[PDB]
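The block underneath contains the structure these notes are about, expressed in structure tokens.
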Amino acid sequence: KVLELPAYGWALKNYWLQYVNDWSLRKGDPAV
Amino acid sequence: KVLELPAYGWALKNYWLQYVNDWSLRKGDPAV
Amino acid sequence: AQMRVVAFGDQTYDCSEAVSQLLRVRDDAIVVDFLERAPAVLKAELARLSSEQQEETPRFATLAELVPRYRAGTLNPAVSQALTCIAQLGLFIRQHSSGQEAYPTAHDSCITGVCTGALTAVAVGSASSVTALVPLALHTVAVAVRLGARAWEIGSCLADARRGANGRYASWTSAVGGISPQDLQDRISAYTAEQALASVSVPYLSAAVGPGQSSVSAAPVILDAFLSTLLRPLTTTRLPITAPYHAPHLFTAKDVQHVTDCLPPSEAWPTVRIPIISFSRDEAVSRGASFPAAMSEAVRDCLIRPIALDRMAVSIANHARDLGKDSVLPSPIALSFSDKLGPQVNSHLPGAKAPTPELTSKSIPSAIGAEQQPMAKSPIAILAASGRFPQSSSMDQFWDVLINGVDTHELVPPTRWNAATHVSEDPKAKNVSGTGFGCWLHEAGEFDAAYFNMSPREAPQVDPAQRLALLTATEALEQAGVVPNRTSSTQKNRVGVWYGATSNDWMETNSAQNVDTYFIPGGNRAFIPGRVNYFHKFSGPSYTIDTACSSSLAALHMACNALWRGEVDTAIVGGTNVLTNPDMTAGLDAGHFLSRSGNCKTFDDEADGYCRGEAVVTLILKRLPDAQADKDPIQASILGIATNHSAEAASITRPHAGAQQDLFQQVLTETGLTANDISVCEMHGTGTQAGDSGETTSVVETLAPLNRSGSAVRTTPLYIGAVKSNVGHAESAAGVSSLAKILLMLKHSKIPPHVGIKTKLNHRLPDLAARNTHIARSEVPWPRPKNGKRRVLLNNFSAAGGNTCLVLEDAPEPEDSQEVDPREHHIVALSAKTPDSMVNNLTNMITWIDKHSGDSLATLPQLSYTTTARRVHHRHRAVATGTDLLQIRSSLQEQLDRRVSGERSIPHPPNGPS
Amino acid sequence: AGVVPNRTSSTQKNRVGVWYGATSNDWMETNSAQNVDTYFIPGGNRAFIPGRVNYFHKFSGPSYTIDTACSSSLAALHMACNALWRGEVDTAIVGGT
Amino acid sequence: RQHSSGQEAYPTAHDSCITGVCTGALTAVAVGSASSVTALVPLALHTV
Amino acid sequence: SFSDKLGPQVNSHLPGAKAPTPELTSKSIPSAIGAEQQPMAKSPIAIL
Amino acid sequence: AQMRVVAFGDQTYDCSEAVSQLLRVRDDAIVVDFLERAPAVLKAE
Amino acid sequence: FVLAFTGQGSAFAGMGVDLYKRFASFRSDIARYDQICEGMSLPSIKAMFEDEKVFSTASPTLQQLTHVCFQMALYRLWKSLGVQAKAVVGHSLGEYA
């Protein structure tokens, strides 16, 4: 019989790429 | 019997949005 | 010395229930084949009808569409006759194939029928086995269609559909009781001589049912006019026969020959071996004639001869008296007044009527593996489910947020995108959004890279959807206790991985700021299931499905099809939605989809859209026998699922309720469940007034029908709720989130409260109280019925017009051996790919032990089994031994103390011991 | 193919599914994303590729978009053939773009 | 297949007999304990 | 195996032997329209 | 007056081609059901 | 559409024989009418669409029956092609049909 044992103890670390400089609001403008 | 008659004569027109100002090469830069 | 009679009935018998029973049969290959081939022959024969008659015939994909029309009385004579024949033949075949009945023989059995059973009578007296019967049965179905069409044509020529019909087909005959046939004939003759009717429109005596009863047929108007002339103590009853039959003054041999012109000529036709009793004809016994000749005789009797129904019994008994027998064991199929057949027949015999024996148990057991039902349309068991939801990291925290009725919506955190620049109440700039709220996962970027053989630089460029899919898939596989290659059903090549996704925000806004080697593999959606197939070394299909806001359910459907077809023995069905591209929210707002105030106010009178909610979910699926043989933890079962499109909508986006109701009725019919069987309905409930009202109306109409008196048909309450008020709209994982809620509710036997309704109910909805349906505002007990199951209906709709829905059932009753493990000492093993993970596993294991210290004695043996035979053992290892659970706890605690003190863990040597 | 909706039993509006195979949506990432408007999501999203078909010809059967990197079209064909074999639909419009 | 798709009359105790060799005696027993293909399939699985 | 010799060997012990020459055949009843096609499970998928 | 004998062979007779033939049969439902149920019983044993 | 019906003025030999041969519905309607008429003890009207050599010696009752049967069959044939009558006018015999 399979019991509901705890989950694996993931050694979690933060891997994240950050949206920066609000470029998505200038999709089409030049460097003005 | 179905014959291979020509296709419908579409009254085609050009609907296009143009990628402008080369903003995809600056995904993250400020205006400066 | 006991004869048997196979007696079939006419259209008087209501055969809708028999049709449904036959359609529900699953465990008989021959019956399934016959029920699959009959509709095709029927449609082919219907395509050969006249122009007038083809506009009065409905379109049906399966015989499941002719039952409601047969009940409503809106079925034309041809289709009704064909359906009667199909029902009779299917009942006989099911009795004599699955029922293990000896086929009738010319020494102990006879056949009989009345005006539609004379066709099946010859069809059954010609064959000698079910396999030898199926093709003759299909021929007979075609002949019945033609017979009905001919009678319908003559009738429609003889009269017109009255202006007050409105779909129904008026009766052409009526039973008259209280006067002998020889006197009702005189009454008819006098009425004819007086009214001066045409010889073709005159009423006629269509049957002699008894010594003081008969059946008189005529056109509706003339029939009513003549019946009004009949006075007491004569009784009149209206039969459901919709065309003229048994009219020598309306049909000739030309019609008979036309009816039987769908049977190609040949010298290979079988004769009839089982004698057929033809009481209407001059000679009662009919044997030796070929198949088409006897078929034409039957058609002639049904169109030209009057039913001598007052001489059937005397005929059958006579047959029995010819062979020296002394009793009759009637075996009627779809016959009316069958209960009297046996006594009526035996009244003429010297006696010796005796009872019958038992069914003899199941009559031998089925070999292990042969007790199942075919893989086609089998229940799909759910083994385990894991997920990450807003303000949660497990299914238990999900239940915590649900049962407490929390609203998880909040402004956009600075990790995704700013709000002082990306949002405005009156958007004047480009790409700016009017809303900024959403239900997020604040630990989306939290991954164990080393566990999955991923570099520190490869990981930041993988879409968080892929990372969370890997995490949840691993967790769900652990919970299900399935190891690759462990058993037949878990072989690495029998495991497919379906998923549902609708965006690649990471590629568009996050990893596109600097393209690198992992750009494409990190971002592309096929890699979501590709990584799960690769890491676990699964060599089966790997698909991603994009149906917008139904993907996870659509993907689910795909998986089930595979499970039903045999492509895979196990499925890993997931659904992910992580929001990182602001323009997607801006465009959903500019399209007027997002609530500008807060969460989804489902059923609220001020519902003005929905709220976006991140979520990842993964589930493990197998066929029910596969999970039962492997001894897996079964949470729920899926009985059916279907999809269609809202094509008749008034626009591309807005929904349509008729298609939704059709879908619900289709799934209910395929699953064989009435409206009362369902107890809960997890509605799509996006929080739109029009959409909410339409979905509620469709759901209540399907599951909470209102009686003609205005009362309710449900004898038990029905509850409806929407997850999206708590956690929001996922747009790719909404179906899996709803399924997770249903699983948790089945686990805890509770119905959570509803939080969407903030101010007042929506005035557009039907009167739920009158229909016996409720929206629980406070948590409600949902106990599992004893000796029964709890059944649920789940729906998921998309902005592109796609509608998916499924039916869930409670898992079977678990029956453990309950035997005592005779052993004394037991082992508990733990493993990890990192020393820190080893410490975490030890800590969590001691915590679980503390929670489960005093459960029972089987806990330690079962824990040892789960830790040893149902796990994958990594490099870093730890073990404990004990005779009881406290010894295990103490040993593991000492090991944890050693590890924490500074005793670093070392992986075991790769080769192992010698 | 010379097939008209409702012409025959196999071309009824409710017996026609639409499977499509797509792997990218570039228009909504670089072309129509330069000015988001009312049709941003209906146009860009892949789920409408088959859906629009279903809408225009009033086909009321399933409508799927598949994404298998570079096997999308054959995977969609496999799904359509599974639907035909099982009996969900009588006709399929299998595409790839 | 011979006696179902081939439309062959099932053997009877008056016009037919069964026989087999080392592995064929099991099938002979299975076939002699049935009167039709439907009555044969479960015995066939038992024999397998 | 070696079945072709079974008949001659068996009949060798019987008088006459009535050398079996059965043909039968001609036992293909026509199928009702729509009943000739194989089941829709595992059927060819035509391209139009 | 002509009896018939149903005679079955042993492992000497190669039967791979007969197995393939039975596998490709599609116009008999009973045969398809038998060949779908036999592998399950074999696996269970 | 307004459907005008004609009297017994222009009933010529072998009229409506092309339709009786090139349309199965027309033939079925004519056979149905013939069977009904013979049921009513009326003379058979079948040869009037097959022989074409009995028109010369056709009795007035036979001629009128042929005219009315032809009118009914022709109207039904035209209706099956999608003709929606808005009003019906007749003549000496054109009123009945």
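Hydrogens, waters and symmetry mates are skipped; everything else that's a heavy atom, side chains included, is used. Per chain, numbering begins at 1; letters A, B, ... match sequence-line order.
- Side chains of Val6(G) and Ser16(E) form a contact here, defined as non-hydrogen atoms less than 4.5 Å apart.
- With a 4.5 Å cut-off on side-chain heavy atoms, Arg4(G) and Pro11(E) count as touching.
- When each of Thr38(E), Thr27(E), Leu26(E) is scored by its heavy-atom pairs under 4.5 Å with chain G, the top score falls to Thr27(E).
- Listed by sequence position, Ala38(G), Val41(G) are the residues of residues 38-45 of chain G in contact with chain E, using a 4.5 angstrom heavy-atom cutoff.
- Looking at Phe8(G) and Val31(E), their side chains come closer than 4.5 Å, going by heavy atoms from C-beta outward.
- Annotation: side chain of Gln11(G) is not in contact with side chain of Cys22(E) (no heavy-atom distance under 4.5 Å).
- Near-neighbour residues of residues 14-26 of chain G relative to chain E, defined by a heavy atom under 4.5 Å from a heavy atom of that chain, comprise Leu22(G), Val25(G).
- Taking 4.5 Å as the heavy-atom cut-off, the residues of residues 39-48 of chain E that approach chain G are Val41(E), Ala44(E), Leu45(E), ordered by number.
- Taking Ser4(E), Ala28(E), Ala25(E) one by one and counting their heavy-atom pairs under 4.5 Å with chain G, the maximum is reached by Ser4(E).
- For a heavy-atom cut-off of 4.5 Å, chain E lies close to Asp28(G), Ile30(G), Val31(G), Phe34(G), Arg37(G) in residues 28-37 of chain G.
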